[PDB]
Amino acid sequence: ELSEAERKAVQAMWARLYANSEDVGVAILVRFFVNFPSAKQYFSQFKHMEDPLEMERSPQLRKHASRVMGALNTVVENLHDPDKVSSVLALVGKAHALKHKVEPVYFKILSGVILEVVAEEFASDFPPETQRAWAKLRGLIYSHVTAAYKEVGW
């Protein structure tokens, strides 16, 4: 559903984020886990953290961030190829249904946190056209992930 311009606009914003990838990744997760403590129950090495400075150093915190960014990157780079995005987003879907038993609405919650951070850090580089492209990428991530949860039971 993404146009060529919307594609290019996502890839171009993404390149700015991922220039400072782990810094952005951990800002995203720290805002996520602070504002939604319930999401942090799934992570056995920091279910018990409350102080954001401590989250901004927790081993298994910056692991999830680095490999989360890494898998999202794999999506953005391959937006020219819808077969490739489908395949990736199902692996992420299935893994989270099966391996970590995460309620699928948390994807929706985390995407809203991703959006707010991108809006803060790159307000000036975020015109209506990009806001649209980002929104469509978000719905796509959520749809494919949601389907990979149905395909497996849930």
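Numbering starts at 1 and follows the sequence shown. Under this definition, the rigid core comprises the largest set of C-alpha atoms superposing within 1.5 Å between the forms.
Per-stretch RMS Cα distance to the displayed form in 4 other deposited structures of this protein, following rigid core alignment, is highest for 1-9 when 143-151 and 1-9 are compared. Taking only CA atoms, the mean B-factor in the PDB entry is higher for 119-127 than for the other of 27-35 and 119-127. When the mean C-alpha temperature factors of 145-153 and 4-12 are read from the deposited coordinates, 145-153 comes out higher.
Per-chain ranking of the deposited C-alpha B factor places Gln45 in the highest third. Among the modelled residues of its chain, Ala19 has a C-alpha B-factor that falls in the highest third according to the deposited record.
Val68: CA B factor in the middle third of modelled residues in this chain (values from the PDB entry).
For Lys108, the recorded CA temperature factor ranks within the lowest third of the chain's modelled residues. Compared with the other modelled residues of the chain, the Cα B-factor recorded for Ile114 ranks in the lowest third.
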